[PDB]
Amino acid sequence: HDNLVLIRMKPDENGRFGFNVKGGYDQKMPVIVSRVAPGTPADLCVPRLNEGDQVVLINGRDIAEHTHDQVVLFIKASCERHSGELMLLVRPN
């Protein structure tokens, strides 16, 4: 489904990736990357996570019908990362 980019990133010392999320099922909007802070894992990873990117999969899980809070919990769920890297399948826009 469309052009998809597979992104892998390890969190910092505070367990942060340096990116912001907007949208979700409850918000009636898609899960979009609203901000990417400079010099953070989301900014330094290759391929890069960009602003406006639509999150499709989080560690292989389909988040289409999930709420904003559920999406946040999935991102923070360190045990679901293989192997210690957060996997994100995104659609650039």
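Just count from 1 along the sequence shown to find any residue number.
- When the other compared entries with both flanking residues are checked, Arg81 is unmodelled in at least a third.
- Ranked within its chain, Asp62 lands in the middle third, by CA B factor from the PDB record.
- Among the modelled residues of the chain, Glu80 sits in the lowest third by CA temperature factor in this PDB entry.
- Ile7: CA B factor lies in the middle third for its chain, per the PDB record.
- In the PDB entry, a CA B factor belonging to the lowest third of its chain's modelled residues is recorded for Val56.
- Among all modelled residues in its chain, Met29 ranks in the highest third by Cα B-factor.
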